[PDB]
Amino acid sequence: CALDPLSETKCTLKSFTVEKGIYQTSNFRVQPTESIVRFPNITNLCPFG
Amino acid sequence: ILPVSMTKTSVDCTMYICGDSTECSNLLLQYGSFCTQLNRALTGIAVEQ
Ligand SMILES: *[C@@H]1O[C@H](CO)[C@@H](O)[C@H](O)[C@H]1NC(C)=O
């Protein structure tokens, strides 16, 4: 199935013979990179001292 | 005045249901071919359109 595009088809159609014409196979979903956390500057310091 | 075509719309069933996830999608397989038999439906539409 994963060898290449053509062999994804045959795994969708359950066929070795595949006739002409556009088929959908799968959905490429760009995967994120990392993450972002963003919060105000500290706003305050509890009277620790 | 006559309608002729309606807007071709395909909807990935696998992302819509389980978005951006995996351990969701594993459940989605236990429901069998739903997702794969939907996109067939919405294709048959969008093809004849
Ligand atoms: C946060 O700190 C930066 C430091 O330069 C400052 O420019 C910014 O205005 C600050 N904003 C808030 C909401 O704390």
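Our numbering is plain: 1 for the first residue shown, then up by one each step along the chain.
Method of determination (from the header): electron microscopy, 3.5 Å.
From the backbone N, Cα and C atoms, a Cβ is placed for every residue, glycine too.
As recorded in Swiss-Prot, the features of this protein are as follows:
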DISULFID  A:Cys1-A:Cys11  disulfide bond
CARBOHYD  A:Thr33  O-linked glycosylation site
CARBOHYD  A:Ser35  O-linked glycosylation site
CARBOHYD  A:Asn41  N-linked glycosylation site
REGION    A:29-45  region 'Disordered'
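Counting only the Cα atoms, the space from the residue listed as 'N-linked glycosylation site' to A:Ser35 (O-linked glycosylation site) is about 19 angstrom. The number of other Cβ atoms within 10 Å of the Cβ belonging to A:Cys11 (disulfide bond), over all protein chains shown, comes to 13. A coil conformation is recorded for A:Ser35 (O-linked glycosylation site) in the three-state DSSP classification, outside any helix or strand. The two recorded residues A:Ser35 (O-linked glycosylation site) and A:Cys1 (disulfide bond) have their Cα atoms spaced 32 Å from each other.
Looking at A:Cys1 (disulfide bond) and A:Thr33 (O-linked glycosylation site), their Cα atoms lie 27 Å from each other.
Cα spacing between A:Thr33 (O-linked glycosylation site) and A:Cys11 (disulfide bond): 30 Å, rounded to the nearest whole number. Only A:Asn41, of the recorded positions A:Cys1, A:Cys11, A:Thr33, A:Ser35, A:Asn41, place a Cβ under 6 Å from an atom of ligand 1.
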